[PDB]
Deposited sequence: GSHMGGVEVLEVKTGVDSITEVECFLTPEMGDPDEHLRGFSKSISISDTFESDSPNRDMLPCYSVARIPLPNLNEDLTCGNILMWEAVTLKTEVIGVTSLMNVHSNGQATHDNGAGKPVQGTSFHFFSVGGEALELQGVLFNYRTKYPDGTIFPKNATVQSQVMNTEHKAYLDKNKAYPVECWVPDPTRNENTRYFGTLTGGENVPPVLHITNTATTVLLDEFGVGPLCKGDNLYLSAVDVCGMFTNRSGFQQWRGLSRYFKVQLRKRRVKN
């Protein structure tokens, strides 16, 4: 039960940070990239390596202790993808688009996703191929059945660990997440162009239809993201996912609850 907002100078606070992408980081020079993608011979034999799998990013940000029951209420978000212009590097071991041409820029399938919540993002598992063998060191839908290719309600989890939950197996659970606001776009196809807007003049309001934002349990704010921008194609044609960091600025206020 939600009561009144506290006012006064001490009543507001602000969280500011960035979440780095977790694309797989196949070697010490390739932070922000995945391993080159290879294709299994069959559905049965799909067995991606961990460094080939982009994962959800998450940060748990402690807020000023509030231990009347008060909670921090997240009200507004400003967010931005950081380093969008890095994708103009078309002179770095890329594949020429045509004889004597510049390198093929990063493109193809993208997923841009962010959420703000008063607890961990709740996830539902959905598998493209239920017979995929997910690698050690990732957290993936377990006891998969063919029904996992459409909906298996056993696959419930919390986004509670960084570089662990592969993007391709998990989505926000729309049956839960009442105390989180999430937003995402998947743009598919191998040739889709990245379209990335930046400005410091856009704010998202996080209040629901009753004027209540995410309420931070135990004084923690949960920020989550995925920004798979597309694939980089190298000179020999191997393709790697490329990700970028996401900025978050969230304003919170103190709210009394019963």
item: Sequence order list of spans that the model leaves without C-alpha positions, deposited numbering; value: 1-7, 75-80, 272
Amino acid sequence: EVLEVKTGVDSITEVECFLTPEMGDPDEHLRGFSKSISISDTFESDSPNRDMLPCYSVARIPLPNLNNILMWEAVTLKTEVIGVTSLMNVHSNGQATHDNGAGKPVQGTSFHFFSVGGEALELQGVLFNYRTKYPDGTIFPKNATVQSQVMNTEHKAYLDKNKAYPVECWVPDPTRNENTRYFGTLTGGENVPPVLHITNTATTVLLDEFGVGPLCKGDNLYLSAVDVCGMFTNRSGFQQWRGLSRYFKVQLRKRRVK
From here on, numbers count along this sequence of modelled residues.
{"property": "167-175 versus 129-137 - which carries the larger mean C-alpha B factor in the record", "result": "129-137"}
{"property": "Stretch with the higher entry mean CA B-factor, where the candidates are 94-102 and 75-83", "result": "94-102"}
{"property": "Highest-ranked of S224, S34, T199, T42 once sorted by CA temperature factor in the record", "result": "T42"}
{"property": "Residue, from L70, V58, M231, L206, that the PDB entry assigns the highest Cα B-factor", "result": "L70"}
{"property": "Chain-wide C-alpha B factor ranking for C17, given as lowest, middle or highest third", "result": "highest"}
{"property": "Third of the chain, ranked by Cα B-factor, where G213 sits", "result": "middle"}
{"property": "CA B-factor placement of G188, once the chain's modelled residues are sorted into thirds", "result": "highest"}
{"property": "Lowest, middle or highest third - CA B-factor, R235", "result": "highest"}
{"property": "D160 CA temperature factor, ranked by third within the chain", "result": "highest"}
